[PDB]
């Protein structure tokens, strides 16, 4: 369960959390979301978490075609949250390797990267 530490900027939130723009920690049940202020707490209304989200669904492409299949449930939950929500599939680990669901969200594009060096970055719109 969650502990949400809310208050205007400057109130003591971060210093209080002595107890042990958004800072999510685990406090050893074991609980902590620490919000800098008003703007940051507003941003996490469920409306925004579901409806103003652009998703990168990232998978490791060198395990095979069961990790494009471990991903279908992600794509199904992404759809449960909001069914119009854009998704960009990215398989990583191109450098190390020898399928793409036409129920699923609006899959915007799909890339094959080596996530480790410069060569997607513009498709992110």
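Residue numbers count along the first chain shown, from 1.
A.B. asks: What is the count, as a class, of unmodelled deposited residues between residue 119 and residue 120: none, 1 to 3, 4 to 9, or 10 or more?
C.D. replies: Per the deposited record, the segment joining residue 119 and residue 120 lacks coordinates for 4 to 9 residues.
A.B. asks: Between residue 49 and residue 50, count the deposited residues left without coordinates and pick a bin: none, 1 to 3, 4 to 9, 10 or more.
C.D. replies: In the deposited sequence, nothing is left without coordinates between these two.
A.B. asks: Of the two stretches 83-91 and 54-62, which shows the higher Cα B-factor on average in the entry?
C.D. replies: Taking the mean C-alpha B-factor of 83-91 and of 54-62, the larger value falls to 83-91.
A.B. asks: Between 27, 33, 76, 41, let me know which has the highest C-alpha B-factor in the entry?
C.D. replies: Highest C-alpha B-factor among the listed options: 27.
A.B. asks: Would you check the entry's CA temperature factor for residue 21 and let me know if it's in the chain's lowest, middle or highest third?
C.D. replies: It falls in the middle third of the chain.
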